[PDB]
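Structure file upload14.txt; described as compact mmCIF, C-alpha atoms and all ligand atoms.
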```
# COMPACT_ATOMS: atom_id res chain seq x y z
CA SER A 3 145.57 106.18 112.61
CA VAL A 4 143.24 107.25 109.76
CA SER A 5 142.46 105.13 106.71
CA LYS A 6 141.66 106.40 103.21
CA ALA A 7 138.21 106.13 101.68
CA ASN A 8 137.65 104.26 98.45
CA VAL A 9 136.43 106.96 96.07
CA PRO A 10 136.28 105.52 92.55
CA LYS A 11 136.78 107.66 89.47
CA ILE A 12 133.80 107.14 87.15
CA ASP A 13 133.94 108.28 83.53
CA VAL A 14 130.48 109.84 83.26
CA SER A 15 130.76 110.85 79.62
CA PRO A 16 128.40 108.07 78.39
CA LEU A 17 125.61 109.79 80.35
CA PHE A 18 125.73 112.62 77.80
CA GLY A 19 125.31 110.21 74.87
CA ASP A 20 122.99 107.61 73.36
CA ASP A 21 124.84 104.34 73.99
CA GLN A 22 122.35 102.78 76.39
CA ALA A 23 124.53 99.82 77.43
CA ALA A 24 127.43 102.19 78.15
CA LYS A 25 125.08 104.27 80.29
CA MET A 26 124.11 101.14 82.21
CA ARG A 27 127.77 100.41 82.87
CA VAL A 28 128.16 103.92 84.33
CA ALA A 29 124.99 103.35 86.36
CA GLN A 30 126.45 100.15 87.83
CA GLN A 31 129.51 102.08 89.00
CA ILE A 32 127.30 104.78 90.56
CA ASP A 33 125.28 102.05 92.30
CA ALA A 34 128.41 100.38 93.71
CA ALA A 35 129.83 103.70 94.95
CA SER A 36 126.50 104.76 96.47
CA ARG A 37 126.24 101.46 98.36
CA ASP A 38 129.85 101.65 99.61
CA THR A 39 131.37 104.85 100.98
CA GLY A 40 128.82 106.99 99.19
CA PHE A 41 131.25 109.06 97.12
CA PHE A 42 132.71 108.97 93.65
CA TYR A 43 134.65 111.32 91.42
CA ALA A 44 132.96 112.17 88.14
CA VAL A 45 135.62 112.40 85.42
CA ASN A 46 135.33 113.33 81.75
CA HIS A 47 132.63 115.79 82.85
CA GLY A 48 133.36 118.44 80.19
CA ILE A 49 133.46 121.49 82.50
CA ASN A 50 136.46 123.83 82.51
CA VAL A 51 137.23 123.63 86.22
CA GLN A 52 140.51 125.54 85.82
CA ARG A 53 138.57 128.62 84.70
CA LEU A 54 136.06 128.07 87.51
CA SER A 55 138.90 128.11 90.03
CA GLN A 56 140.65 131.10 88.43
CA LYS A 57 137.53 133.28 88.22
CA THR A 58 136.51 132.35 91.76
CA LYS A 59 139.94 133.23 93.14
CA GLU A 60 139.89 136.57 91.29
CA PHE A 61 136.57 137.40 92.98
CA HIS A 62 137.51 136.20 96.50
CA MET A 63 140.83 138.03 96.42
CA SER A 64 139.50 141.36 95.09
CA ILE A 65 136.20 141.89 96.93
CA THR A 66 136.49 144.60 99.60
CA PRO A 67 134.94 144.82 103.10
CA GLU A 68 132.55 147.48 101.81
CA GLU A 69 131.37 145.20 99.01
CA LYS A 70 130.92 142.31 101.46
CA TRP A 71 128.59 144.37 103.67
CA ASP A 72 126.67 145.49 100.58
CA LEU A 73 126.07 141.84 99.55
CA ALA A 74 125.79 140.34 103.04
CA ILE A 75 123.06 137.89 103.96
CA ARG A 76 120.68 138.81 106.79
CA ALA A 77 122.83 136.96 109.35
CA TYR A 78 125.51 139.65 108.88
CA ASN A 79 123.41 142.65 107.80
CA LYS A 80 120.00 143.40 109.33
CA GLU A 81 119.10 145.63 106.37
CA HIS A 82 118.92 142.59 104.09
CA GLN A 83 115.91 140.68 105.45
CA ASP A 84 115.18 139.06 102.09
CA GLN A 85 118.65 137.39 101.94
CA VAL A 86 118.48 134.10 103.84
CA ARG A 87 120.32 132.12 101.13
CA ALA A 88 121.89 134.30 98.43
CA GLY A 89 124.71 136.76 99.07
CA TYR A 90 127.96 137.09 100.99
CA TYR A 91 128.78 135.14 104.16
CA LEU A 92 131.47 137.11 105.95
CA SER A 93 134.55 135.95 107.79
CA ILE A 94 135.17 137.32 111.29
CA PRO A 95 138.94 137.84 111.75
CA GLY A 96 140.04 136.26 115.01
CA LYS A 97 136.96 134.03 115.18
CA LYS A 98 135.75 132.66 111.83
CA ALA A 99 138.09 131.93 108.91
CA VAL A 100 135.65 130.73 106.24
CA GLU A 101 133.77 133.11 103.97
CA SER A 102 131.64 132.46 100.92
CA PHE A 103 129.27 133.77 98.26
CA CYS A 104 126.03 131.89 97.46
CA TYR A 105 123.82 132.34 94.43
CA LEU A 106 120.64 130.64 93.21
CA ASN A 107 118.80 130.03 89.95
CA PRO A 108 119.38 133.11 87.74
CA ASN A 109 115.78 132.72 86.53
CA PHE A 110 114.56 133.95 89.93
CA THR A 111 113.80 137.55 89.00
CA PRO A 112 110.99 139.89 90.14
CA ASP A 113 108.96 138.48 87.21
CA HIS A 114 109.14 134.93 88.55
CA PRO A 115 105.85 133.79 90.15
CA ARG A 116 107.65 132.26 93.15
CA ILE A 117 109.26 135.63 93.86
CA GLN A 118 105.89 137.36 93.35
CA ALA A 119 104.27 134.88 95.78
CA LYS A 120 107.14 135.31 98.28
CA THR A 121 107.56 131.55 98.58
CA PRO A 122 110.27 130.59 101.11
CA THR A 123 113.68 129.50 99.73
CA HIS A 124 113.30 131.57 96.51
CA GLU A 125 115.37 134.75 96.32
CA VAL A 126 116.71 137.11 93.67
CA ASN A 127 120.50 136.88 93.46
CA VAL A 128 122.66 139.82 94.53
CA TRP A 129 125.83 140.71 92.62
CA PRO A 130 128.79 143.07 93.01
CA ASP A 131 129.29 146.05 90.76
CA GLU A 132 130.15 144.93 87.22
CA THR A 133 132.85 147.56 86.76
CA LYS A 134 134.57 146.48 89.98
CA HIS A 135 134.27 142.75 89.10
CA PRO A 136 134.27 142.62 85.30
CA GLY A 137 132.88 139.39 83.93
CA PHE A 138 132.14 137.86 87.34
CA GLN A 139 128.33 137.68 87.14
CA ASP A 140 128.48 136.40 83.55
CA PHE A 141 130.99 133.72 84.52
CA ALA A 142 128.98 132.71 87.58
CA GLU A 143 125.67 132.45 85.71
CA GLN A 144 127.20 130.43 82.88
CA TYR A 145 128.82 128.17 85.46
CA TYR A 146 125.41 127.57 87.06
CA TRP A 147 124.11 126.30 83.74
CA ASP A 148 127.30 124.35 82.94
CA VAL A 149 127.07 122.44 86.23
CA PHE A 150 123.28 122.13 85.83
CA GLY A 151 123.97 120.24 82.59
CA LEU A 152 126.49 117.93 84.24
CA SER A 153 124.11 117.35 87.16
CA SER A 154 121.23 116.45 84.83
CA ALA A 155 123.41 113.77 83.25
CA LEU A 156 124.51 112.47 86.68
CA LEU A 157 120.81 112.24 87.64
CA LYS A 158 120.25 110.00 84.62
CA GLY A 159 122.98 107.71 85.96
CA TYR A 160 121.41 107.60 89.44
CA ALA A 161 117.99 106.79 87.95
CA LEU A 162 119.35 103.93 85.86
CA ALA A 163 121.37 102.69 88.86
CA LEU A 164 118.16 102.33 90.87
CA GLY A 165 116.34 100.43 88.08
CA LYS A 166 114.30 103.40 86.88
CA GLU A 167 113.96 105.09 83.52
CA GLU A 168 116.67 107.69 83.01
CA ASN A 169 114.45 110.75 83.60
CA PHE A 170 113.08 109.58 86.97
CA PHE A 171 114.99 112.32 88.85
CA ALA A 172 115.97 114.67 86.02
CA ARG A 173 112.35 115.37 85.06
CA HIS A 174 112.07 117.27 88.37
CA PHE A 175 115.31 119.25 87.79
CA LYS A 176 114.35 122.16 85.55
CA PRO A 177 115.80 125.61 84.78
CA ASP A 178 112.51 127.36 85.41
CA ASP A 179 112.10 126.26 89.06
CA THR A 180 115.24 124.57 90.43
CA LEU A 181 116.18 125.52 93.97
CA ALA A 182 119.79 124.49 93.28
CA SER A 183 122.55 126.72 94.58
CA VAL A 184 126.24 127.39 93.96
CA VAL A 185 128.42 128.34 96.92
CA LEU A 186 131.89 129.79 96.32
CA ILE A 187 133.71 129.06 99.59
CA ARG A 188 137.12 130.47 100.52
CA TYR A 189 139.09 128.72 103.23
CA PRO A 190 142.07 131.02 103.90
CA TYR A 191 145.65 130.56 104.96
CA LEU A 192 146.06 132.48 108.23
CA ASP A 193 149.19 133.07 110.29
CA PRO A 194 148.51 132.82 113.14
CA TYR A 195 145.41 130.75 112.61
CA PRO A 196 143.03 131.62 115.46
CA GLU A 197 142.11 128.63 117.61
CA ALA A 198 138.59 130.06 117.93
CA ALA A 199 137.99 129.08 114.29
CA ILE A 200 139.04 125.47 114.96
CA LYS A 201 136.67 122.87 116.37
CA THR A 202 137.70 119.64 118.08
CA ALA A 203 135.89 116.43 117.16
CA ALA A 204 134.89 113.75 119.65
CA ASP A 205 137.79 111.68 118.32
CA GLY A 206 140.20 114.61 118.80
CA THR A 207 140.52 115.67 115.17
CA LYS A 208 140.77 119.41 114.54
CA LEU A 209 137.95 120.46 112.21
CA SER A 210 136.75 123.51 110.28
CA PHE A 211 133.21 122.10 109.86
CA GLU A 212 131.54 119.30 111.79
CA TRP A 213 129.78 116.16 110.63
CA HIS A 214 126.59 116.55 108.64
CA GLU A 215 124.49 115.01 105.91
CA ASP A 216 124.04 117.12 102.80
CA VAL A 217 120.74 118.91 102.23
CA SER A 218 120.34 118.00 98.55
CA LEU A 219 119.23 115.31 96.17
CA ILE A 220 122.89 115.02 95.12
CA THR A 221 125.90 117.30 95.67
CA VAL A 222 128.36 118.11 92.88
CA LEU A 223 131.52 119.52 94.46
CA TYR A 224 134.72 121.00 93.08
CA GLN A 225 137.61 121.57 95.49
CA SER A 226 141.15 122.74 94.98
CA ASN A 227 144.06 120.37 95.64
CA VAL A 228 144.22 120.42 99.44
CA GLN A 229 143.05 117.28 101.23
CA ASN A 230 140.46 118.04 103.90
CA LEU A 231 137.30 115.92 103.66
CA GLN A 232 136.65 112.80 105.73
CA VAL A 233 133.72 110.40 105.36
CA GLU A 234 132.28 108.55 108.34
CA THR A 235 132.26 104.75 108.13
CA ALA A 236 131.38 102.19 110.78
CA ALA A 237 135.11 101.74 111.46
CA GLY A 238 135.68 105.49 111.77
CA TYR A 239 136.40 108.51 109.65
CA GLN A 240 138.35 107.99 106.42
CA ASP A 241 140.21 110.61 104.38
CA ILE A 242 138.81 111.49 100.96
CA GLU A 243 141.76 112.21 98.71
CA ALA A 244 141.65 115.45 96.76
CA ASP A 245 141.31 115.70 92.97
CA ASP A 246 141.19 119.23 91.52
CA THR A 247 140.34 117.94 88.02
CA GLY A 248 137.10 116.14 88.92
CA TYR A 249 133.85 116.59 90.77
CA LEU A 250 133.20 114.79 94.03
CA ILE A 251 129.63 113.46 93.94
CA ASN A 252 127.41 112.13 96.72
CA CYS A 253 123.75 111.70 97.61
CA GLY A 254 121.98 114.06 99.96
CA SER A 255 119.33 113.24 102.52
CA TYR A 256 116.46 113.63 100.05
CA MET A 257 117.92 110.70 98.07
CA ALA A 258 118.21 108.72 101.30
CA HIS A 259 114.58 109.48 102.11
CA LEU A 260 113.18 108.43 98.75
CA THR A 261 115.23 105.21 98.50
CA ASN A 262 114.40 104.16 102.08
CA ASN A 263 118.10 104.63 102.90
CA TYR A 264 119.25 102.23 100.15
CA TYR A 265 121.47 105.08 98.94
CA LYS A 266 122.43 106.62 102.27
CA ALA A 267 123.41 110.26 102.57
CA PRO A 268 127.05 109.94 103.67
CA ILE A 269 128.23 111.89 106.66
CA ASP A 270 131.37 113.92 106.09
CA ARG A 271 133.34 116.60 107.90
CA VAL A 272 136.04 119.13 107.06
CA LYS A 273 139.46 118.76 108.67
CA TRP A 274 141.23 121.94 109.69
CA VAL A 275 144.15 122.62 107.33
CA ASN A 276 146.09 125.89 107.33
CA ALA A 277 146.11 126.35 103.57
CA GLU A 278 144.48 128.72 101.09
CA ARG A 279 141.88 126.70 99.20
CA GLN A 280 138.48 126.61 97.53
CA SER A 281 135.33 124.54 98.08
CA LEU A 282 132.73 125.12 95.37
CA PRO A 283 129.60 122.95 95.83
CA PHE A 284 126.58 122.81 93.58
CA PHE A 285 123.61 121.53 95.56
CA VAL A 286 121.24 119.71 93.21
CA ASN A 287 117.83 120.73 94.55
CA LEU A 288 114.49 120.16 92.81
CA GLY A 289 111.51 122.55 92.56
CA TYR A 290 109.54 123.78 95.57
CA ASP A 291 106.62 121.44 94.87
CA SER A 292 108.60 118.47 93.53
CA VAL A 293 107.55 115.19 95.15
CA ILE A 294 109.23 111.89 94.36
CA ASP A 295 107.34 108.80 95.52
CA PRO A 296 109.61 106.82 97.90
CA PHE A 297 110.54 103.26 96.97
CA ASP A 298 112.65 100.43 98.36
CA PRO A 299 114.88 98.68 95.81
CA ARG A 300 115.47 95.88 98.30
CA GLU A 301 111.86 94.76 98.12
CA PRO A 302 110.60 92.78 95.11
CA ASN A 303 107.52 95.02 94.92
CA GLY A 304 109.68 98.10 95.58
CA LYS A 305 107.13 99.15 98.19
CA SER A 306 108.00 101.79 100.79
CA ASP A 307 105.77 103.10 103.57
CA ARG A 308 107.76 106.34 103.78
CA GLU A 309 105.61 109.37 103.19
CA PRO A 310 106.17 111.47 100.07
CA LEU A 311 108.02 114.65 101.02
CA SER A 312 107.74 117.92 99.12
CA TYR A 313 111.19 119.22 98.20
CA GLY A 314 110.49 122.82 99.26
CA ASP A 315 109.60 121.81 102.82
CA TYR A 316 112.59 119.45 102.94
CA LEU A 317 114.92 122.24 101.87
CA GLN A 318 113.50 124.95 104.15
CA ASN A 319 113.71 122.67 107.18
CA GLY A 320 117.05 121.20 106.20
CA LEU A 321 118.90 124.48 105.77
CA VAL A 322 117.58 125.84 109.09
CA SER A 323 118.55 122.65 110.92
CA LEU A 324 122.05 122.62 109.41
CA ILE A 325 122.63 126.19 110.66
CA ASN A 326 121.26 125.28 114.10
CA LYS A 327 123.46 122.18 114.39
CA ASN A 328 126.69 123.24 112.64
CA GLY A 329 126.64 127.04 112.95
CA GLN A 330 125.97 129.95 110.65
CA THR A 331 128.58 129.77 107.89
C1 LIG A 401 131.68 120.13 102.53
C2 LIG A 401 131.54 121.18 101.43
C3 LIG A 401 130.36 120.84 100.53
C4 LIG A 401 131.46 122.61 102.01
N1 LIG A 401 130.33 122.81 102.89
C5 LIG A 401 129.19 123.37 102.47
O1 LIG A 401 128.90 123.49 101.29
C6 LIG A 401 128.25 123.90 103.55
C7 LIG A 401 128.40 123.08 104.82
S1 LIG A 401 127.68 121.42 104.71
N2 LIG A 401 126.88 123.88 103.06
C8 LIG A 401 125.86 124.42 103.72
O2 LIG A 401 125.95 124.84 104.87
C9 LIG A 401 124.57 124.53 102.95
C10 LIG A 401 124.56 125.76 102.07
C11 LIG A 401 123.21 126.01 101.43
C12 LIG A 401 123.20 127.35 100.66
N3 LIG A 401 123.51 128.52 101.51
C13 LIG A 401 121.86 127.53 100.00
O3 LIG A 401 121.14 128.46 100.27
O4 LIG A 401 121.56 126.59 99.15
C14 LIG A 401 132.76 122.98 102.72
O5 LIG A 401 133.84 122.86 102.17
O6 LIG A 401 132.60 123.41 103.95
FE FE A 402 128.69 116.48 103.17
```
Just dump the structure as structure tokens.
Amino acid sequence: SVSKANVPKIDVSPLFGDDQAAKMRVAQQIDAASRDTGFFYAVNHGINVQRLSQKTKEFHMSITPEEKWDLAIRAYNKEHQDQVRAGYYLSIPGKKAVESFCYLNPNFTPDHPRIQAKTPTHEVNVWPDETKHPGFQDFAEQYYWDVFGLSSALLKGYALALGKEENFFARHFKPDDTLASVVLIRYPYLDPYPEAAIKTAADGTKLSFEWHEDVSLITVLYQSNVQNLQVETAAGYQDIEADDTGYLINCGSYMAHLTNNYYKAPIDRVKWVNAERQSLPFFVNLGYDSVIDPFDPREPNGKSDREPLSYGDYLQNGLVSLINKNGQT
């Protein structure tokens, strides 16, 4: 038998405003959620998630095999050695059901000094032909900035929750250098669904994606209305109920590092469900050289002996390790 995780709905709208006491009351709710199962739903977030879902579906359902090869990351197309992050992640019929499209900061252009310097984890986004996908790039770039704005407000809540001034995290989250990414993931309905695309957990549960901690400061996730996620607790995995009107929020392992595990990065996994659905995460990443000094809210002096960790190294190592452990997506 499988229990259900407590995932509170938090009205985050005060984080956009100037009522400081109301922001502290949101912060308390973020603190409680982060110390419990590690997840909450952000509601009253101001993003049109119906349009996000509609535009994403229109793209997933109209892109052709030829277009997928043209946009494919290096793991699927040897001609594209510069694409380790951004581009198309192909399905393999009979073997791999999931497919996705990842894009990064639109400000990463050939003019950007991190592209000029060839710094790892920075790439120029690739896009389908505008005439074949009218409005897609424009929608996707505006969405990046819409969810950036929500994430900046959520970061104010996390800072206040930890006893800091509201810009403690957000000051490192900037349009000119953020390594944040959007991934538009399609999980298809398939009949028959090939068993090769289904993994079996130690506890016997059929999975599409195994346990992991997120590589992020925080993760800001929209999913369509098909229950699939489970969070690990000491008493076992618990189902996270779906909510296609909100954003599911959690801390990633960079947050766990810098708080000395006070806000743990929750471990979750994806149950196998034979249903057409969408999983659209925004990974809130900082800049390549961002360093946040670790602290320990449990200690009166807040002292932590954990070493400061540069975000770029954290991200490069984390994304490689996640592929090694959980497979190329
Ligand atoms: C659990 C969800 C967040 C979603 N999973 C995911 O988003 C998956 C698996 S944890 N995420 C990743 O592998 C990291 C993607 C990083 C991205 N290419 C980038 O360059 O920044 C799903 O539905 O599988
Ligand atoms: Fe996760």
Would you give me, as CSV, each residue of chain A having an atom within 7 Å of an atom of ligand LIG 401 (chain A), along with its shortest atom pair and that distance in Å to one decimal, using all atoms listed in the file and sorting by chain and residue number?
```
residue,atom,partner,partner_atom,distance
A:87,CA,A:LIG401,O3,3.8
A:88,CA,A:LIG401,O3,6.2
A:104,CA,A:LIG401,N3,5.8
A:182,CA,A:LIG401,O4,6.5
A:183,CA,A:LIG401,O4,4.7
A:185,CA,A:LIG401,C12,6.5
A:187,CA,A:LIG401,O5,6.7
A:211,CA,A:LIG401,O6,6.1
A:214,CA,A:LIG401,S1,6.4
A:216,CA,A:LIG401,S1,5.9
A:217,CA,A:LIG401,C9,6.8
A:223,CA,A:LIG401,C3,6.3
A:271,CA,A:LIG401,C1,6.6
A:272,CA,A:LIG401,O6,6.3
A:281,CA,A:LIG401,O5,4.7
A:283,CA,A:LIG401,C3,5.2
A:285,CA,A:LIG401,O4,6.5
A:321,CA,A:LIG401,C11,6.3
A:324,CA,A:LIG401,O2,6.4
A:325,CA,A:LIG401,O2,6.8
A:331,CA,A:LIG401,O2,6.4
```
At most 9 Å is the cut-off: for each residue in chain A with any atom that close to an atom of ligand FE 402 (chain A), write down the nearest atom pair and the distance in Å rounded to one decimal, counting all atoms listed in the file, chain first then increasing number, as JSON lines.
```
{"residue": "A:213", "atom": "CA", "partner": "A:FE402", "partner_atom": "FE", "distance": 7.5}
{"residue": "A:214", "atom": "CA", "partner": "A:FE402", "partner_atom": "FE", "distance": 5.9}
{"residue": "A:215", "atom": "CA", "partner": "A:FE402", "partner_atom": "FE", "distance": 5.2}
{"residue": "A:216", "atom": "CA", "partner": "A:FE402", "partner_atom": "FE", "distance": 4.7}
{"residue": "A:217", "atom": "CA", "partner": "A:FE402", "partner_atom": "FE", "distance": 8.4}
{"residue": "A:221", "atom": "CA", "partner": "A:FE402", "partner_atom": "FE", "distance": 8.0}
{"residue": "A:231", "atom": "CA", "partner": "A:FE402", "partner_atom": "FE", "distance": 8.6}
{"residue": "A:233", "atom": "CA", "partner": "A:FE402", "partner_atom": "FE", "distance": 8.2}
{"residue": "A:252", "atom": "CA", "partner": "A:FE402", "partner_atom": "FE", "distance": 7.9}
{"residue": "A:253", "atom": "CA", "partner": "A:FE402", "partner_atom": "FE", "distance": 8.8}
{"residue": "A:254", "atom": "CA", "partner": "A:FE402", "partner_atom": "FE", "distance": 7.8}
{"residue": "A:267", "atom": "CA", "partner": "A:FE402", "partner_atom": "FE", "distance": 8.2}
{"residue": "A:268", "atom": "CA", "partner": "A:FE402", "partner_atom": "FE", "distance": 6.8}
{"residue": "A:269", "atom": "CA", "partner": "A:FE402", "partner_atom": "FE", "distance": 5.8}
{"residue": "A:270", "atom": "CA", "partner": "A:FE402", "partner_atom": "FE", "distance": 4.7}
{"residue": "A:271", "atom": "CA", "partner": "A:FE402", "partner_atom": "FE", "distance": 6.6}
{"residue": "A:272", "atom": "CA", "partner": "A:FE402", "partner_atom": "FE", "distance": 8.7}
```
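For the choices A:136, A:304, A:296, A:16, the atom-to-atom distance to residue A:48 is smallest for A:16 when using all atoms listed in the file.
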To one decimal place, how far is atom CA of residue A:73 from atom CA of residue A:52 in Å?
25.7 Å
Residue A:110 proximity check over A:181, A:142, A:172, A:24, using all atoms listed in the file: winner is A:181
How far is it from atom CA of residue A:239 to atom CA of residue A:96, in Å with one decimal?
28.5 Å
